[PDB]
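Novice: pasting the first bit of my complex, frame unchanged:
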Amino acid sequence: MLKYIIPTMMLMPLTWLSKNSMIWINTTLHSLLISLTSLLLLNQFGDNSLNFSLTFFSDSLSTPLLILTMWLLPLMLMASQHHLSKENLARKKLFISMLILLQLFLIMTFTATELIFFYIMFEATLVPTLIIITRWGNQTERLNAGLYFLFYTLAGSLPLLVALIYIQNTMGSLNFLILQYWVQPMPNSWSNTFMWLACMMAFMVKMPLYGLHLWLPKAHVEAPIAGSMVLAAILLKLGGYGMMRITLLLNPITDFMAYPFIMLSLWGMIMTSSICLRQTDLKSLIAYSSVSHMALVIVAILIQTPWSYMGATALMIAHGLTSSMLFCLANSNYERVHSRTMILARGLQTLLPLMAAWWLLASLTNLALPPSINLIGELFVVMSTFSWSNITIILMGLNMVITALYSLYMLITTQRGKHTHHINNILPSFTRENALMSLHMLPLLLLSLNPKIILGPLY
């Protein structure tokens, strides 16, 4: 994985040596070359994971998260540069350095062969994200939105750190390749109950779980666009990746310790979708919709059937692309009306027709229109949870109804109706913004032609 870790680090001299007019262009170009290079990770086999070294490997789970991660960096550079036009040059290079450092941490987070290196990189991705949010944020309470996001991801990962070293002394290793073959079944005890809680609560907070989702609509609202994109697309998916690695060691205690968490997730995917019906803030609506979609991923990982893992990894990749495009559309209107209120700017299809078509596509992917990979992931999770219990279809179909409702309500509220009369700073859509929307949506539509590369290790 060194052939991706080194050019990501070579983007640091590539961003601290360019001319004052060339620092966006060079980093965009060479991060696009790295994203093109990332497709060599699709050397995946039906039985054996692609094992590079003692430190890095990539099965069919980490590979699409890596391609999404290395693809997301040029998109964040294209998205973040318009509101840094009135920014100092050295602060601009520090912003690009935090994005490059976050990519560097993620591309060897997902390829952590050993689990405490996963913990170090997993907790090290916070600090560039925290600097981006609490330094290039917007409002007064960016310090509070960064405080709890440091607090919860350390108070939750403090039992995670203790639990992983406990396995290091018991099993003798935290190599996941070794721990596939030396895993002992975890019997019923209270000690193993708090062992399961210590292994799972950090990733529950990162997804987020319902009731633990209080950090996320605050943190997205206080973030800039690059922070919102990377939180919606990668940093939530760290928790799903970590659960899919960590439930190997947690059997069979998961089959009865998952019941409160599955009930929290199944009722929360209803409640957050109803909150999305009752939102005034557009970015908070996309935030709560992200919570609603990751609740199904929590359910699918906790029931641990093959259709559920296939649907959960398909839904993570699809929701990364969709929610990143939704936050970028919210930015494209916040760069014109300068407020996030959804009822403020209406009737935008009369003014921005092609941007309204990109809104239409993002909302149709958000409600899982077939044959998109949103629908493949949604449908497989619903199939597997029907196999878990036949009465879960009521909450599943009810969430799908409310999801269609708030996606088309968001579409109608921003893009339809009579426009606001007292707003006239609505410029035409730039070539940059349409390029950003197309680079989100066109891979999301190409993956429906060949969805087998995003269906995880047990396709």
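Specialist: Yep, it's here. Numbering: from 1, shown residues only, chains lettered A, B, ... in the order given.
Novice: if we ignore the residues flanking it in sequence, what's nearest residue A:165?
Specialist: Counting by Cβ to Cβ, 6 or more residues apart in numbering, residue A:165 lies nearest to residue A:116, which is 7.2 Å off, once chain neighbours are set aside. The C-beta positions use only the backbone N, C-alpha and C, and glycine is treated the same way.
Novice: now swap in residue A:168 and tell me
Specialist: residue A:174 (5.3 Å).
Novice: contact partners of the helix or strand containing residue A:120?
Specialist: If you go by DSSP states H and E, residue A:120 is part of helix A:115-124. When contacts are defined by Cβ atoms under 8 Å, 6 or more residues apart in numbering, helix A:115-124 is touched by residues A:55, A:105-106, A:108-109, A:112, A:153-154, A:157, A:160-161, A:164-165, A:167-168, A:174-176, A:179, A:238, A:242, A:245-246.
Novice: extract the C-alpha trace of that helix and format it as CSV.
Specialist: Only the C-alpha atoms of helix A:115-124 are listed here, as CSV (Å, rounded to 0.1, in the frame of the first residue of the first chain):
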residue,chain,number,x,y,z
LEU,A,115,-5.8,-3.9,14.9
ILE,A,116,-3.9,-1.5,17.1
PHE,A,117,-2.5,0.2,14.0
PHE,A,118,-6.2,0.5,13.0
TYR,A,119,-6.8,2.1,16.4
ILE,A,120,-3.9,4.6,16.1
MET,A,121,-4.9,5.6,12.5
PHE,A,122,-8.6,5.5,13.5
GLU,A,123,-8.1,8.0,16.3
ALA,A,124,-5.5,10.0,14.3
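Novice: distance from that helix to the middle of the chain?
Specialist: Distance, stretch centre to chain centre, for helix A:115-124: 17 Å (Cα atoms, centre = their mean, to the nearest Å).
Novice: list the buried residues of it.
Specialist: By neighbour count on 16 or more other Cβ atoms under 10 Å, the buried set for helix A:115-124 is A:115, A:117-124.
Novice: sorry, back to before: please pick the buried ones from the contacts of helix A:115-124.
Specialist: By 16+ other Cβ under 10 Å, the contacts of helix A:115-124 give A:105-106, A:108-109, A:112, A:153, A:157, A:160-161, A:164, A:167, A:174-176, A:179, A:238, A:242, A:245-246 as buried.
Novice: let's add chain B too:
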Amino acid sequence: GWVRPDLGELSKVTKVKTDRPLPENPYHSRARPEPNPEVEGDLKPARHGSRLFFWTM
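Specialist: Okay, here's chain B dropped in alongside the others:
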């Protein structure tokens, strides 16, 4: 016919011919505890390095 000794004579260390046997263990000690085995053998490199969680050297 006795002669009083000179200065420094009565503080000389003399030798004594004795017929009693020498005390082989006058402190009446028991046997000493066996010392720990020393180090021996050529110092080979450490097998796969530090072995500290993931550090391959």
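Novice: same question on the contacts of helix A:115-124, but now with chain B added
Specialist: A:55, A:105-106, A:108-109, A:112, A:153-154, A:157, A:160-161, A:164-165, A:167-168, A:174-176, A:179, A:238, A:242, A:245-246, B:53-54 (Cβ atoms under 8 Å, 6 or more residues apart in numbering or on different chains).
Novice: now intersect those with the helices, please.
Specialist: Of the contacts of helix A:115-124, the ones assigned to helices by DSSP state H are A:105-106, A:153-154, A:157, A:160-161, A:164-165, A:167-168, A:176, A:179, A:238, A:242, A:245-246.
Novice: return only those of those residues found close to chain B.
Specialist: Counting by Cβ under 8 Å from any Cβ of the partner chain, residue A:168 from the ones in helices among the contacts of helix A:115-124 sit close to chain B.
Novice: most centrally placed residue in chain B?
Specialist: The C-alpha lying nearest the average C-alpha coordinate of chain B belongs to residue B:32 (Cα atoms, centre = their mean; 11.1 Å).
Novice: that one is in what secondary structure piece?
Specialist: Following DSSP H and E, there is no helix or strand that holds residue B:32.
Novice: got phi/psi on it?
Specialist: Torsion angles at residue B:32 (phi, psi; degrees, to the nearest 10) stand at phi -70, psi 150.
Novice: who's in contact with the residue in the stretch 51-200 of chain A that chain B sits nearest to?
Specialist: Distances from the stretch 51-200 of chain A to chain B, computed as Cβ to the nearest Cβ, single out residue A:114 as the nearest residue at 4.2 Å. Going by Cβ under 8 Å, 6+ apart, residue A:114 touches A:55, A:173-176, B:53-54.
Novice: can you pull out the helices in the stretch 251-400 of chain A?
Specialist: Along the stretch 251-400 of chain A, counting by DSSP state H, counting those that start in this stretch, helices occupy A:254-257, A:259-277, A:282-303, A:306-337, A:353-366, A:373-388, A:392-415.
Novice: C-alpha coordinates for stretch A:448-459, PDB please?
Specialist: Taking Å, rounded to 0.1, in the frame of the first residue of the first chain, the C-alpha atoms of stretch A:448-459 are listed here in PDB:
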ATOM      1  CA  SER A 448     -24.800   0.100 -11.300                       C
ATOM      2  CA  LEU A 449     -23.300  -1.400 -14.500                       C
ATOM      3  CA  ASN A 450     -20.900  -3.500 -12.500                       C
ATOM      4  CA  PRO A 451     -21.800  -3.600  -8.800                       C
ATOM      5  CA  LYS A 452     -19.800  -6.700  -7.900                       C
ATOM      6  CA  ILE A 453     -16.700  -4.600  -7.000                       C
ATOM      7  CA  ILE A 454     -18.600  -2.900  -4.100                       C
ATOM      8  CA  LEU A 455     -20.100  -5.900  -2.500                       C
ATOM      9  CA  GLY A 456     -17.400  -6.800   0.000                       C
ATOM     10  CA  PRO A 457     -15.300  -9.900   0.900                       C
ATOM     11  CA  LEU A 458     -18.100 -12.400   0.700                       C
ATOM     12  CA  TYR A 459     -19.600 -11.700  -2.700                       C
END
